[PDB]
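Protein chains in written order, with the deposited numbering: chain B, 1 to 29; chain C, 1 to 29; chain A, 1 to 29.
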Ligand SMILES: [Cl-]
Ligand SMILES: [Cl-]
Ligand SMILES: [Cl-]
Ligand SMILES: [Zn+2]
Ligand SMILES: [Zn+2]
Ligand SMILES: [Zn+2]
Ligand SMILES: [Zn+2]
């Protein structure tokens, strides 16, 4: 259970970073 | 508290999926 | 470890509010 919760948080952290990257590209590119 | 944390992570998941789909729309005009 | 997860979760909540707002702006030019 603990490992699943860490994995999910880690995955969410990567998804925000991907989304901010893409937003910046759309705004400025 | 564990259960509150899991709900919060599920909320966050629902919100980044929504935002991903929004960004996609923006990418296509 | 638990405390750290909670702080990371709060951080992420702030980040997705920020990105939600930014995306609302970009949607409207
Ligand atoms: Cl566990
Ligand atoms: Cl595309
Ligand atoms: Cl702890
Ligand atoms: Zn596509
Ligand atoms: Zn496409
Ligand atoms: Zn709106
Ligand atoms: Zn509008």
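We put the beta carbon where it would ideally sit given N, CA and C, even for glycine.
CB contact below 8 Å: residue i versus chain B
i	result
residue 20 (chain C)	yes
Interface residues of chain C facing residue i [CB-CB closer than 9 Å]
i	result
residue 7 (chain B)	Ordered by position in chain C, no residue passes the 9 Å Cβ test against residue 7 (chain B), which lies about 11 Å from the chain.
Amino acids of chain B, ordered along the chain, whose beta-carbon sits closer than 7 Å to that of residue i
i	result
residue 1 (chain C)	Correct list: empty, because the minimum Cβ distance to chain B is about 12 Å.
Cutoff 7 Å; reference residue i; Cβ partners in own chain excluding five residues on either side
i	result
residue 22 (chain C)	none
Cβ neighbours of residue i in the same chain (closer than 6 Å, five flanking residues each side left out)
i	result
residue 26 (chain B)	none
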